[PDB]
């Protein structure tokens, strides 16, 4: 129904899919950029969305913030809930970096706790997520 304005919104950007992947997190209300990940040479859209949520969890926990996270990715939301990123991306030397990050994000989820609500951004009703790259 109503946007929860006191929240963090994340989004992925890519050049190709698979391709160069980056992500960022922003204050939903103000658009202030709170974090941005250095581009990763090869990854998928869903790996990036997953990393963005987990980074959001770690960012909010470090700051003792109870804000929710918005993501528009049904896939990544599920992967975080499951603590398992079920990506189809081949493992090779060019994908080693993204896979290490994904593996390490899963490991963090399996060794930490959080109450942070992870919410679906309802693009059909509210327009583009505030962290959108465009």
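Residue numbers count along the first chain shown, from 1.
When 60-68 is weighed against 83-91, 83-91 comes out higher, by mean CA B-factor as recorded in the entry. The PDB entry reports B-factors from which the mean C-alpha value can be compared for 4-12 and 123-131; the larger average falls on 123-131. For the set 26, 97, 53, 109, the maximum C-alpha B-factor listed in the entry falls on 97.
Across 36, 32, 49, 104, the greatest Cα temperature factor reported in the deposited entry is at 32.
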